[PDB]
Amino acid sequence: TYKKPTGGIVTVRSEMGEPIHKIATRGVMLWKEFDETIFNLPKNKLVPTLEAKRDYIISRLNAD
């Protein structure tokens, strides 16, 4: 559950960085995708990454 949705459940980090066991829904799968590609990034890389992705982020948030 750290790598991929195993039997319909998957691990996503909390606000604080604590692992939580959530159903691998589109919403939670978005969450896990953002943990890998956004929330891990350092604060000197975060904001220039968001503005670069702005389109893709808004389409997923609105959709999923």
# chains A, B, ... in the order shown; residues from 1 in each chain; ligands from 1
call {"tool": "residues_around", "arguments": {"residues": "residue A:27", "least_positions_apart": "4", "cutoff": "10 Å", "atoms": "only C-alpha atoms", "output": "PyMOL selection string"}}
result
chain A and resi 23+31-33+60-61+63-64
call {"tool": "residues_around", "arguments": {"residues": "residue A:28", "least_positions_apart": "6", "cutoff": "12 Å", "atoms": "only C-alpha atoms", "output": "MDAnalysis selection string"}}
result
chainID A and resid 4:5 8:14 20:22 34:35 60:61 64
call {"tool": "select_by_dssp", "arguments": {"residues": "chain A", "states": "helix (DSSP H, G or I)", "output": "JSON, numbers by chain"}}
result
{"A": [26, 27, 28, 29, 30, 31, 32, 33, 34, 35, 36, 37, 38, 39, 43, 44, 45, 46, 47, 48, 49, 50, 51, 52, 53, 54, 55, 56, 57, 58, 59, 60, 61, 62, 63]}
call {"tool": "write_last_selection", "arguments": {"atoms": "C-alpha atoms", "output": "PDB file, in the first residue's frame"}}
result
ATOM      1  CA  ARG A  26      -9.762   9.010  -7.677  1.00  0.00           C
ATOM      2  CA  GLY A  27      -9.555  11.712  -4.926  1.00  0.00           C
ATOM      3  CA  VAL A  28      -7.073   9.735  -2.752  1.00  0.00           C
ATOM      4  CA  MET A  29      -5.148   8.681  -5.931  1.00  0.00           C
ATOM      5  CA  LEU A  30      -4.850  12.412  -6.780  1.00  0.00           C
ATOM      6  CA  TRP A  31      -3.610  12.950  -3.170  1.00  0.00           C
ATOM      7  CA  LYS A  32      -0.914  10.220  -3.522  1.00  0.00           C
ATOM      8  CA  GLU A  33       0.099  11.684  -6.966  1.00  0.00           C
ATOM      9  CA  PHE A  34       0.531  15.204  -5.379  1.00  0.00           C
ATOM     10  CA  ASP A  35       2.593  13.715  -2.451  1.00  0.00           C
ATOM     11  CA  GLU A  36       5.035  12.191  -5.044  1.00  0.00           C
ATOM     12  CA  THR A  37       5.247  15.288  -7.394  1.00  0.00           C
ATOM     13  CA  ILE A  38       4.250  18.446  -5.310  1.00  0.00           C
ATOM     14  CA  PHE A  39       4.178  18.312  -1.453  1.00  0.00           C
ATOM     15  CA  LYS A  43       9.900  25.568  -0.582  1.00  0.00           C
ATOM     16  CA  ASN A  44      12.431  27.132  -3.089  1.00  0.00           C
ATOM     17  CA  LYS A  45      10.972  24.748  -5.786  1.00  0.00           C
ATOM     18  CA  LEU A  46       7.261  24.482  -4.616  1.00  0.00           C
ATOM     19  CA  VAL A  47       5.734  27.796  -5.885  1.00  0.00           C
ATOM     20  CA  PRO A  48       7.522  27.883  -9.311  1.00  0.00           C
ATOM     21  CA  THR A  49       6.373  24.210  -9.798  1.00  0.00           C
ATOM     22  CA  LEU A  50       2.673  24.986  -8.963  1.00  0.00           C
ATOM     23  CA  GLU A  51       2.503  28.004 -11.377  1.00  0.00           C
ATOM     24  CA  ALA A  52       4.147  25.777 -14.101  1.00  0.00           C
ATOM     25  CA  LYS A  53       1.529  22.966 -13.529  1.00  0.00           C
ATOM     26  CA  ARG A  54      -1.401  25.410 -12.700  1.00  0.00           C
ATOM     27  CA  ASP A  55      -3.529  24.134 -15.666  1.00  0.00           C
ATOM     28  CA  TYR A  56      -3.022  20.381 -14.856  1.00  0.00           C
ATOM     29  CA  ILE A  57      -3.620  20.831 -11.062  1.00  0.00           C
ATOM     30  CA  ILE A  58      -6.922  22.804 -11.609  1.00  0.00           C
ATOM     31  CA  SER A  59      -8.240  20.210 -14.161  1.00  0.00           C
ATOM     32  CA  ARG A  60      -7.566  17.286 -11.665  1.00  0.00           C
ATOM     33  CA  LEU A  61      -8.944  19.164  -8.537  1.00  0.00           C
ATOM     34  CA  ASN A  62     -12.142  20.157 -10.455  1.00  0.00           C
ATOM     35  CA  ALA A  63     -12.448  16.657 -12.036  1.00  0.00           C
TER      36      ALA A  63
END
